[PDB]
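Trainee: Once you've had a glance at the structure underneath, I'll fire off some questions.
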Amino acid sequence: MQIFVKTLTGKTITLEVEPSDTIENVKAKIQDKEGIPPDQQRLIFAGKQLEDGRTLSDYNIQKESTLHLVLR
Ligand SMILES: [Zn+2]
Ligand SMILES: [Zn+2]
Ligand SMILES: [Zn+2]
Ligand SMILES: [Zn+2]
């Protein structure tokens with residue numbers, strides 16, 4: 001699965017993942033790409049707040065899905 005993560009500035013990060021990847025995995029990938037610490041990342045897909053220990057398939061995230069880094 002290719003998924004897109006948009007930063008707070010709207011920059012697009014393209015990530016190669018698997019359905020079973022955790023949100024924690026995806027956070028580490030984001031850190032590698034952009035230097036954003038995982039403890040400072042908060043991810044949403046389709047308005048769902050994404051928990052570190054759940055997987056992409058748990059949230060029905062699919063090929064070409066977009067996640068957003070948000071605040072607060
Ligand atoms: Zn793929
Ligand atoms: Zn694998
Ligand atoms: Zn993985
Ligand atoms: Zn793997």
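Method reported for this entry: X-ray crystallography, 1.8 Å.
Note that Cβ sites are derived from N, Cα and C of the backbone, with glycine treated the same way.
Sharing the record's features from Swiss-Prot:
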{"type": "CROSSLNK", "residues": "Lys6", "note": "ubiquitin cross-link"}
{"type": "CROSSLNK", "residues": "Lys11", "note": "ubiquitin cross-link"}
{"type": "CROSSLNK", "residues": "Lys27", "note": "ubiquitin cross-link"}
{"type": "CROSSLNK", "residues": "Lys29", "note": "ubiquitin cross-link"}
{"type": "CROSSLNK", "residues": "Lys33", "note": "ubiquitin cross-link"}
{"type": "CROSSLNK", "residues": "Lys48", "note": "ubiquitin cross-link"}
{"type": "CROSSLNK", "residues": "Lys63", "note": "ubiquitin cross-link"}
{"type": "MOD_RES", "residues": "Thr66", "note": "(Microbial infection) ADP-ribosylthreonine"}
{"type": "SITE", "residues": "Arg54", "note": "site 'Interacts with activating enzyme'"}
{"type": "SITE", "residues": "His68", "note": "site 'Essential for function'"}
{"type": "SITE", "residues": "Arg72", "note": "site 'Interacts with activating enzyme'"}
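Buried or exposed, and what's around them? Tell me for each listed feature.
Mentor: Using a 10 Å radius centred on the Cβ of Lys6 (ubiquitin cross-link) and all shown protein chains, the other Cβ atoms total 14.
For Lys11 (ubiquitin cross-link), other Cβ atoms within 10 Å of its Cβ number 11. DSSP classifies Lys11 (ubiquitin cross-link) as coil under the three-state reduction.
Shown in sequence order, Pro38, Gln41, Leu43, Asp52 are the residues of the chain, 6+ apart in sequence, with a C-beta less than 8 angstroms from the C-beta of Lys27 (ubiquitin cross-link).
The Cβ of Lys29 (ubiquitin cross-link) lies under 8 Å from the Cβ of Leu15, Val17, each on the same chain and at least six residues away in sequence.
For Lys33 (ubiquitin cross-link), the count of additional Cβ atoms within 10 Å of its Cβ stands at 14 [all protein chains shown].
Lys48 (ubiquitin cross-link) falls within a strand segment according to DSSP.
In three-state terms derived from DSSP, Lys63 (ubiquitin cross-link) belongs to neither a helical nor a strand segment and is classed as coil. Sequence-distant contacts (6 or more apart, same chain, Cβ under 8 Å) of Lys63 (ubiquitin cross-link) comprise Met1, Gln2, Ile3.
In the three-state DSSP scheme, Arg54 (site 'Interacts with activating enzyme') falls into the coil class.
Taking the Cβ of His68 (site 'Essential for function') as centre and 10 Å as the limit, one finds 16 other Cβ atoms among all the protein chains shown.
A coil conformation is recorded for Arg72 (site 'Interacts with activating enzyme') in the three-state DSSP classification, outside any helix or strand. Long-range neighbours of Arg72 (site 'Interacts with activating enzyme') (same chain, six or more residues apart, CB within less than 8 Å of its CB): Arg42.
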Trainee: Looking at the recorded positions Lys33, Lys48, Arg54, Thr66, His68, which has the shortest Cα distance to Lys6 (ubiquitin cross-link)?
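Mentor: For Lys6 (ubiquitin cross-link), the spatially nearest of the recorded positions is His68.
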Trainee: Return the residues near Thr66 ((Microbial infection) ADP-ribosylthreonine) by Cβ distance under 8 Å, restricted to its own chain and a separation of at least 6 in sequence.
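Mentor: Listed in sequence order: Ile3, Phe4, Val5, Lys6, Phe45.
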